[PDB]
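Student: I'd like to ask some things about the structure below.
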């Protein structure tokens, strides 16, 4: 069979059904946020029922909106076309009528910037709230009455099939030649990123220290946020006039990262744990990652590789 | 929020 | 891909143990490691779980006595034991599960016998 | 402590039998249920997850099911290699109580 979400209003006078909480972007398109609402004609003297989709943002504080969309009980006289396969089965199962929202391409994804412990308000980020309501006037000051708020997510995960290798070259001045590369285009949360490091130091001075980091890039446009999610400060030295090779390994995980106020996480529904933000393949938050190889000489040198931190396309179900 | 089945 | 644990043996009650669980083919931070015991002729009892990605859970029937940890650089877990008792006598296992997302315990080690 | 009430404690299931396991929790755990198979003395092994999905490495004869907060692992047809002790397991709440186990013998 299957399972769905069925939040209803505080006074029994309205109910929202959703098939799921997450919607996915195949890059050039976006899934429709599609559901049905049960309506009560016997309460509904106001004579109109409407549903809202809102791509909000939260950041004293600012609450913005990046996208707002609305849809028509009594049934629309002509807009019967976009009824989705999911909705028709609730229609069969139940006085309930569709609501649907095709978020346009080139809009941000479900990103929860951290709820830093020092703050207690609603979490920052691009939260998708679907808000079904009954009203007499679409301009009325919406009270806590028969409306039902429900947060959703719109997300992106692993780009299937093989892709280009994050090979890189950088040299400084004889040459201090630095090369690094990974083994895959895409990589996954919490797994080891295989960091290769070739160095040829024709200078007199020693490479004092080597840092590998994996760094989180999240562009905020309501600016961009930069923070290292992982780091390996190996002691290996490229001795003067030598050829060097080493393979490093790092794993980025949230566990240590919780204290770094302002990181970005995959969209929280309520307060449940999620992975660090899957990369975005535009307003809002656009998030991507790189593996960084740095050499410290007794005076730094570095190379920085395009790293796609993501999650496999989950075939079984969404997170939770 | 609450849950349920399809069909 | 494998799990193998060691450290089972005889101890009189009041003793301690340090079971270990090496594995290959997967890494701890992508996975959650567990211990479970099948006491003589009886069924499985959850004892402890470590969710590597997030920073540890272990049951009331073991609480304050059994403790789970892992050493990451060598892809291994531990199950430190204090104030063991007679009922603790069980053959102990180690287990791994997909952390993202927790889909039940996928692989188990061959089993090690502990008697108190 | 969700009393993850699994039964029967043992079952004779001749080859070809429709082995079926009921399993009632004392509390609602949504769909977060796994199942495992233990061959005498060694590693248990997961058969079903998300209370429905079959794990990679598991013969398709194993099947997850659900109805309310009853969970039920099922084998379409029990082969000679199946016999072991199987365990329901809910994994929404801590403790993650396994069922006391249904042992199967010829």
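Count begins at 1; order follows the chain as displayed.
Quick reminder: no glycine exception, Cβ is built from N, Cα and C everywhere.
What Swiss-Prot shows for this protein is this:
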MOD_RES   A:43  phosphotyrosine
BINDING   A:226, A:231, A:292, A:294  1D-myo-inositol hexakisphosphate binding site
Student: So which other residues, same chain and not among A:226, A:231, A:292, A:294, have a Cβ within 8 Å of the centroid of the Cβ atoms at the 1D-myo-inositol hexakisphosphate site?
Tutor: A:211, A:212, A:213, A:214, A:215, A:228, A:302, A:304
Student: Give me the CA-CA distance between residue A:231 (1D-myo-inositol hexakisphosphate binding site) and residue A:43 (phosphotyrosine), in Å, as a whole number.
Tutor: 60
Student: How many whole Å apart are the CA atoms of residue A:294 (1D-myo-inositol hexakisphosphate binding site) and the residue listed as 'phosphotyrosine'?
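Tutor: Spelling it out, the Cα of residue A:294 (1D-myo-inositol hexakisphosphate binding site) and the Cα of the residue listed as 'phosphotyrosine' are 67 Å apart.
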Student: What count of other C-beta atoms do you get within 10 angstroms of the C-beta of residue A:226 (1D-myo-inositol hexakisphosphate binding site), across all chains shown?
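Tutor: A 10 Å sphere around the Cβ of residue A:226 (1D-myo-inositol hexakisphosphate binding site) contains 8 other Cβ atoms.
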Student: How far apart, in Å, are the two Cα atoms that lie farthest from each other among A:226, A:231, A:292, A:294, the residues recorded as binding 1D-myo-inositol hexakisphosphate?
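Tutor: Largest pairwise Cα separation, rounded: 16 Å.
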Student: Roughly how many angstrom lie between the C-alpha atoms of residue A:226 (1D-myo-inositol hexakisphosphate binding site) and the residue listed as 'phosphotyrosine'?
Tutor: 52
Student: What is the Cβ neighbour count of residue A:231 (1D-myo-inositol hexakisphosphate binding site) at a 10 Å cut-off, with all protein chains included?
Tutor: 15
Student: With 2 residues left unmodelled between residue A:94 and residue A:95, could you check how far apart their Cα atoms sit, in whole angstrom?
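Tutor: Unmodelled segment endpoints: Cα atoms separated by 7 Å.
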Student: Across the 8 residues that the deposited model omits, what is the distance in Å between the Cα of residue A:281 and that of residue A:282?
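Tutor: Spanning 8 unmodelled residues, the Cα-Cα distance equals 12 Å.
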Student: Give me the Cα-Cα distance between residue A:292 (1D-myo-inositol hexakisphosphate binding site) and residue A:43 (phosphotyrosine), rounded to a whole Å.
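Tutor: Here the two Cα atoms lie 61 Å apart.
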Student: Please report, as a whole number of Å, how far the Cα of residue A:223 is from the Cα of residue A:222, with 3 residues unmodelled between the two.
Tutor: 9
Student: If I take the C-alpha of residue A:59 and the C-alpha of residue A:60, which enclose 9 unmodelled residues, how far apart are they in Å?
Tutor: 9
